[PDB]
Amino acid sequence: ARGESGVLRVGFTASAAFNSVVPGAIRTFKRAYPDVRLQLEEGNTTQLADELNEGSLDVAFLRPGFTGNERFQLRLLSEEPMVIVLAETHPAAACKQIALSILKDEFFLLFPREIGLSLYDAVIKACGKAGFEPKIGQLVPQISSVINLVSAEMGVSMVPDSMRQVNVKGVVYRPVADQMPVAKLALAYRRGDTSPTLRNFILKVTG
Amino acid sequence: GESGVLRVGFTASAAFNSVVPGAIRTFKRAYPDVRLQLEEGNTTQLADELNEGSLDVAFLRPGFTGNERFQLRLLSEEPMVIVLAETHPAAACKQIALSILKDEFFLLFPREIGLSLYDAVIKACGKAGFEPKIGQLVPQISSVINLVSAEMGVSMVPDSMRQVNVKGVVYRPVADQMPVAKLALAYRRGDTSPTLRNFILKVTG
């Protein structure tokens with residue numbers, strides 16, 4: 001009844017895990033409710049949303065903008081700037097900020113939008129302000145894996161700022177100039193769910 | 001083999017090993033006209049794609065089923081390290097004797113994804129005199145290190161995974177033994193593809 005005893009199944013995407021809120025919230029919750037036992041699960045946004053609908057999950061850190069999201073309770077979490085992933089050998093790496101029009105001829109190492117949603121749309125809109133649409137070379141299933149392909153000079157990419165913690169050598173990270181491209185995250189749970197453990201986890205996330 | 005197509009497979013963790021970005025980099029410079037198709041996925045997926053013909057060569061972990069009708073070349077044996085949260089008590093150690101983590105929860109990947117890497121962890125702990133208490137099961141080692149930052153437990157990852165530099169996490173070498181993450185090059189034996197032949201040369205030398 002108090003959410004200090006029981007079980008909570010939290011879902012997250014591999015890209016969202018780099019955002020400090022997901023590990024910071026889980027860490028904060030388990031510190032306050034050590035007897036509650038968490039069942040952590042990784043998956044893309046659509047898969048976790050299907051788990052929440054079927055009852056296999058209780059709460060999920062997912063990307064907003066997925067189909068059917070009007071059924072759940074969505075809760076926007078803080079935004080993240082979108083930065084450019086490029087090699088230290090690239091001439092644009094000498095720039096503090098990179099105007100995307102400079103990179104309109106580079107192969108962009110992106111990801112399927114069904115996975116990205118907000119992350120993917122931020123790239124297209126970011127390039128659209130620079131007057132071009134990105135030239136896509138390869139599409140990687142795991143967004144963080146674009147950094148390793150940038151290391152292989154497969155092209156450039158745009159990732160959330162949190163993925164700067166991925167320090168592969170030969171790759172640098174640069175912010176976007178004259179623009180604020182941003183990545184969005186959301187806390188999702190079932191409407192009407194009065195579970196105390198879920199309630200305690202949301203409140204540690206929120207505020 | 002200046003023309004044609006080549007399909008190279010690799011796992012998420014193997015992409016952090018210098019052998020994979022280095023070979024793709026050198027091959028791209030030597031044969032720009034060759035269409036390179038990179039595919040990600042765990043070892044069993046890549047091995048099944050090699051067998052059906054969807055891929056030509058893969059950087060995967062040993063211990064998958066079969067290795068029959070395939071040519072396997074071991075490429076790197078790399079040391080494994082402990083992943084700990086800064087707040088964890090064992091983080092103070094410069095080097096970690098494995099026995100001190102006997103009662104710690106471990107974050108790991110399922111054996112299906114892991115194979116030899118997972119076995120190496122079980123084997124290393126068994127030599128330390130204990131069976132690990134796998135706190136959670138996550139598919140990506142990058143997610144393992146992120147959950148370590150959530151103080152959900154500890155883990156043992158390849159030395160190349162130190163490049164993840166997630167805040168709130170530290171890496172420590174094992175003091176009293178040498179757990180090893182292995183990487184390998186798998187391709188179809190008898191495949192006379194010049195692009196495959198040339199790519200293997202950039203891998204082996």
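The figures that follow rest on heavy atoms only: side chains count, while hydrogens, waters and symmetry mates do not. Note on naming: letters A, B, ... go to the chains in the order of the sequence lines (proteins, then strands), and numbering restarts at 1 for each one.
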**Q.** Heavy-atom proximity to chain A below 4.5 Å, by part of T87(B)
**A.** side chain

Q. What do you reckon, is CD of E133(A) surrounded by more than 12 foreign heavy atoms closer than 6.0 Å?
A. no

Q: Would you indicate whether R199(A), at its atom CZ, is surrounded by more than 12 heavy atoms from other residues, nucleotides or ligands within a distance under 6.0 Å?
A: yes

Q: Kindly compute the distance separating CE (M152(B)) from CD1 (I26(A)), expressed to the nearest 0.5 Å.
A: 7.5 Å

Q: Go through the atoms of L149(A) and report whether side chain, backbone, both or neither lie under 4.5 Å from a heavy atom of chain B.
A: side chain

**Q.** Heavy-atom contact with chain B under 4.5 Å, split by part of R31(A)
**A.** side chain

Q: Name the region of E153(A), side chain, backbone, both or neither, that has any atom closer than 4.5 Å to a heavy atom of chain B.
A: both

Q: Give a yes or no on whether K123(B) atom NZ has more than 12 heavy-atom contacts from other residues, nucleotides or ligands under 6.0 Å away.
A: no

Q.
Which atoms of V140(A) are under 4.5 Å from chain B, going by heavy atoms: the side chain, the backbone, both sets, or neither?
A. side chain

Q) Roughly how far, to the nearest 0.5 Å, is the CG atom of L40(A) from the CG atom of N146(B)? A) 11.5 Å

**Q.** Neighbour count >12 (heavy atoms, 6.0 Å) for atom NZ, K133(B)
**A.** yes

**Q.** side chain to side chain contact (heavy atoms under 4.5 Å, CB included) evaluation trace for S151(A) with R25(B)
**A.** CA-CA 8 Å; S151(A) 214; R25(B) 222 152 44 218; 3.9 Å; yes

Q. Side-chain donor-acceptor pair under 3.5 Å between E42(A) and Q140(B), yes or no?
A. yes

Q. Are more than 12 heavy atoms from other residues, nucleotides or ligands located less than 6.0 Å from atom CD of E2(B)?
A. no

Q | Crowding at CD, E88(A) (>12 non-hydrogen neighbours, <6.0 Å) | A | no

Q | Flag if over 12 foreign heavy atoms under 6.0 Å of CZ, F105(B) | A | no

Q. So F16(B) and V166(A), side chain to side chain contact (heavy atoms under 4.5 Å, CB included) or not? Walk me through it.
A. CA-CA 10 Å; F16(B) 291 86; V166(A) 179; 4.0 Å; yes

Q: May I ask you to check whether over 12 heavy atoms, not counting those of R37(A), lie within 6.0 Å of atom CZ?
A: no

Q: Answer with side chain, backbone, both or neither: which region of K167(B) has an atom nearer than 4.5 Å to a non-hydrogen atom of chain A?
A: both

Q.
Please classify the contact of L36(B) with chain A as side chain, backbone, both or neither, using a heavy-atom distance under 4.5 Å.
A. backbone

Q. Is it the backbone or the side chain of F29(A) that comes under 4.5 Å from a heavy atom of chain B, or both, or neither?
A. neither

Q) Checking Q165(A) side chain against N165(B) main chain: does a donor-acceptor pair fall under 3.5 Å? A) no

